[PDB]
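Residue numbers (the deposited numbering): 238 to 392, 401 to 501.
No residue lacks a Cβ here, since even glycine has one placed at the ideal position from N, Cα and C.
These notes are about the structure you will find just below.
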Ligand SMILES: CC(C)(C)n1[nH+]c(-c2ccc(Cl)cc2)c2c(N)ncnc21
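Structure below.
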């Protein structure tokens with residue numbers, strides 16, 4: 238439709254990350270606009286399911302969600318062209334020297350921005366399924382935007406993140422907006438700790454056992470009670486008893 242553009246009009250300058258699925262490049266749309274280019278390495282999938290991500294983005298357009306600009310799907314290397322996010326993924330950023338020197342003020346803001354984009358997705362009636370700091374991107378103005386809608390659904402190459410996935414989603418395959426709320430609470434842990442792996446020292450297997458036994462991550466050092474209460478809320482066993490992303494955005498804006 239109005240998303241196909243001729244290869245010509247895209248210049249790939251510098252590589253930003255290799256996957257076992259493709260590359261991400263910083264580039265230019267006809268010299269004027271800085272863009273990111275998601276490369277598909279052929280044979281890996283699914284020159285379609287690679288595009289499922291882009292197809293989903295055509296519908297999901299909010300300011301705190303990475304914006305699609307265009308696609309190139311006619312020659313053998315397929316591209317997804319999006320808004321370029323200068324500071325990379327939220328995970329990477331929080332771990333960098335610069336990220337290590339941002340105080341809670343901005344961390345809570347990061348957190349609340351993500352809660353905002355998620356409040357759009359709930360409203361829109363979608364689920365992300367793969368919500369975590371590595372799937373949040375940061376621009377120059379320190380804006381957080383949600384990316385990677387590979388697993389996003391309206392109700401395969403895939404691999405949902407065990408340590409981020411709600412217990413009823415693991416055990417009964419039950420993915421809902423409320424399961425995303427669980428994932429968000431884990432993303433709060435990620436933010437607070439400056440990009441530490443959840444459940445340090447535990448394998449996916451362990452975690453999960455331990456979840457079936459009512460285990461929660463104990464309150465972490467350098468995390469205020471009120472914040473941990475928000476985390477604890479997102480982890481309520483009963484999915485129905487977890488907050489909405491609107492309540493999260495409200496409660497998060499109220500730290501001052
Ligand atoms: C992995 C990393 C951090 C280098 N990365 N990944 C993407 C990205 C590109 C296209 C889509 Cl469809 C989704 C995400 C990205 C981006 N846009 N801007 C800056 N860094 C990006």
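Exclusion of the five residues before and after residue 484 leaves 413 and 423 as the residues of its chain whose Cβ lies within less than 6 Å of its Cβ. Just so you know, the alpha carbons of residue 251 and residue 243 end up roughly 20 Å apart.
Annotation for residue 403: no beta strand (DSSP E) segment contains it, and DSSP assigns it neither H nor E. For residue 432, the enclosing alpha helix (DSSP H) starts and ends at 422-437.
Contact check for residue 363 and residue 305: beta-carbon distance about 15 Å, past the 8 Å limit, so the pair fails to qualify. Going by DSSP, residue 320 is part of the beta strand (DSSP E) stretching over 316-320. In the DSSP assignment, the residues bridged to residue 263 are 251 and 273. In the structure shown, residue 444 adopts coil according to DSSP, grouped into three states. Per DSSP, residue 379 has no beta bridge partner at all. Residue 384 and residue 300 have their C-alpha atoms spaced approximately 12 Å apart.
Assignment of residue 308 by DSSP, reduced to helix, strand and coil, places it in the strand class. The three-state reading of DSSP puts residue 246 in helix, counting H, G and I together. Ranking 326, 308 and 316 by CA distance to the CA of residue 436 puts 326 first.
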